[PDB]
Amino acid sequence: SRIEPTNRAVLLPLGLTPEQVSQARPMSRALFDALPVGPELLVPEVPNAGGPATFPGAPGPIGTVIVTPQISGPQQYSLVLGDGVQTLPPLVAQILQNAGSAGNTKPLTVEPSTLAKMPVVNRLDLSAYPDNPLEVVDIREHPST
Amino acid sequence: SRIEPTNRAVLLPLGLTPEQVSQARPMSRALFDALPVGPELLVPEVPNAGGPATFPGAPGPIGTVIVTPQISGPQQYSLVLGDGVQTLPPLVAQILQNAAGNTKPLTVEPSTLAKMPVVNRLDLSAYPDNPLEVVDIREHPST
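Thresholds, definitions, all that
- Residues numbered from 1 in each chain as written, not as in the entry; some residues may be left out.
- Chains lettered and ligands numbered in written order.
- Part of a larger assembly, values for the part shown.
- Heavy atoms only, no water.
- Helix = DSSP H or I, 4+ residues; strand = E, 2+ residues; numbered from the N terminus.
- Rg over C-alpha atoms; globule rule 2.2 N^0.38 Å.
- Buried < 20%, exposed > 50% of the residue type's maximum accessible area, 1.4 Å probe, protein only.
- Contact = heavy atoms within 4.5 Å.
- Areas by Shrake-Rupley, 256 points an atom, 1.4 Å probe, with all protein chains shown as cover.
- Salt bridge = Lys/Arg side-chain N within 4 Å of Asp/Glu carboxyl O.
- Pairing = 2+ DSSP bridges.
- Core = buried A, V, L, I, M, F, W, Y, C linked by side-chain atoms within 4.5 Å.
- Patch = residues over 30% accessible without salt bridge, like charges linked within 9 Å, V, L, I, M, F, W, Y side chains within 5 Å.

In terms of determination method and resolution, the entry is listed under cryo-EM at 3.82 Å.

As annotated in the PDB entry, chain B carries the name ESX-5 secretion system ATPase EccB5 and is attributed to Mycobacterium tuberculosis. The record lists the entry's title as "Structure of an intact ESX-5 inner membrane complex, Composite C3 model".

If you look chain A up in the PDB entry, it shows as ESX-5 secretion system ATPase EccB5 from Mycobacterium tuberculosis.

Structure below.
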């Protein structure tokens, strides 16, 4: 899967470093053709971002990140789309906040009883990203693949 | 034990998610008959909530949750019932605490609570000790 050194929002939560990526070693043409191609590692493209929500009681404009308070149980992040809310894995929520920051550093905390009223929707893939940090192998020690 | 997707009150302390609940794979009619049933995973209903307690020294009305600390170990939770108070485990109390309601339970002294009449009337058989470790069906296709 492809990745770019300019995108700081993805490199940091994933566990990569701009220098580390730039100093990567060459790949043979023979192995380049053998490995199948996977989806690209980029910031998720949430549609129609910034507009008002269709459903009532939405905690914020379309594309905002919502979370529920720790005192009620383990925290579940979610994204508010136009017609409902889609759940988010812990690792993607960090990427969305970092990229969609525009100065903001944290999500909106909302009570369970208000969440239960919002309809559930599914319109984003989010299957490409792992659920925990990458254990990048040190190529100097293992120079063969 | 049966479960529902809209009930955030019970899902959130248990660890499940509406997607993970609504997208589960099918079950055979044969396996459904071999398993015995269990009570539904719901917020346990309290009879005559808000009514007056029958025992003396009652910290509050029926349906209220009471808690007491200790010199060592975790805090002990309890619920007011028409005939007294029933002690509840930490995970169960979160179900009640999560469904609108009081900001925090009633804090009380250990000695008075020890003298208070203990009750065993509600059934907590279907509730676990920690968030469930749900088995990934792609790796385990057979049960």
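So much for the structure itself; the text now carries on.
Re the overall build of chain A
The number of helices and strands found in chain A is five helices and four strands. Seen in sequence order, chain A has helices and strands lined up from the N terminus as α-α-α-β-β-β-α-β-α. Rg of the C-alpha trace for chain A: 18 Å, well past the compact-globule value of 15 Å for 145 residues, more than 25% over. Its C-alpha atoms put chain A at 55 × 30 × 25 Å along the principal axes. When each of the 145 residues of chain A is scored for burial, the buried share is 28%. Restricting the contact set of chain A to residue pairs at least 6 apart, pairs at least 24 apart contribute 64%. By element, 54% of the accessible surface of chain A is carried by carbon and sulfur atoms, the whole surface being about 9700 Å².

So, the side chain of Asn98(B)
In this fold, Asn98(B) is placed in the loop between α4 (90–97) and β4 (106–107). When near neighbours in sequence (up to four residues on either side) are disregarded, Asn98(B) contacts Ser72(A), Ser113(A), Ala9(B) and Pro13(B).

Quick word on the pattern of salt bridges
Tallying each qualifying case throughout the model produces six salt bridges over all chains. A salt bridge links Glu4(B) to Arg2(B); the shortest N-O distance between them is 3.1 Å. On the accessibility criterion, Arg2(B) (46% relative accessible area) is partly exposed. In this structure, the salt-bridge partner of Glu40(B) is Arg2(B), at a minimum N-O distance of 2.6 Å. Of the two residues, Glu40(B) sits in the loop between α3 (29–34) and β1 (65–68) while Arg2(B) sits in the segment before α1 (8–14), which places them 38 residues apart along the sequence. Look at the salt bridges and you will find they share partners, linking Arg2(A), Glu4(A) and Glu40(A) into a network.

Thoughts on the pairing of strand β2 (residues 76–81) of chain B
Residues and elements named next belong to chain B. Bridging between β1 and β2 involves four bridges; their strand directions are antiparallel. In the strand pairing of β2, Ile66 is matched with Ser78. Bridge count between β2 and strand β3 (residues 84–88): five bridges; the pairing is antiparallel. Its bridge partner being in β3, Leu81 is matched across the sheet by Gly84. The antiparallel pairing of β2 with β3 creates a hairpin that spans two residues between the two strands.

A word on the nonpolar core
All names here are of chain A. With 19 residues, the main nonpolar core has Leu14, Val46, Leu79, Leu88 and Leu96 as its most contacted residues. Those elements that provide at least two residues to this core are α1 (8–14) and α4 (90–99). For this core, the leading source of residues is α4, giving five residues. Non-local contacts of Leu79, meaning those with residues more than four positions away in its chain, are made with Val46, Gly63, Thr64, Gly84, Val85, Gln86, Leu88, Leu96 and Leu124.

Comments concerning a nonpolar patch on the surface
A cluster of nonpolar side chains, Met27(B), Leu31(B), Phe32(B) and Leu35(B), forms an exposed patch at the surface whose accessible area comes to about 410 Å². Here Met27(B) shows up in the loop between α2 (18–22) and α3.

Topic: the sheet that holds strand β1 (residues 65–67) of chain A
Sheet strands associate in pairs through backbone hydrogen bonding, adopting either a parallel or an antiparallel arrangement. Residue and element names in this part refer to chain A. The strand order β3-β2-β1-β4 describes an open sheet built from four strands, whose pairing is mixed. Pairing within the sheet leaves two strands with one partner each, and these edge strands are β3 (85–87) and β4 (108–109). As defined by bridge partners, strand β2 (residues 78–80) adjoins β3 across three bridges and the pair is classed as antiparallel. Bridging across to β3, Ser78 finds its partner in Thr87.

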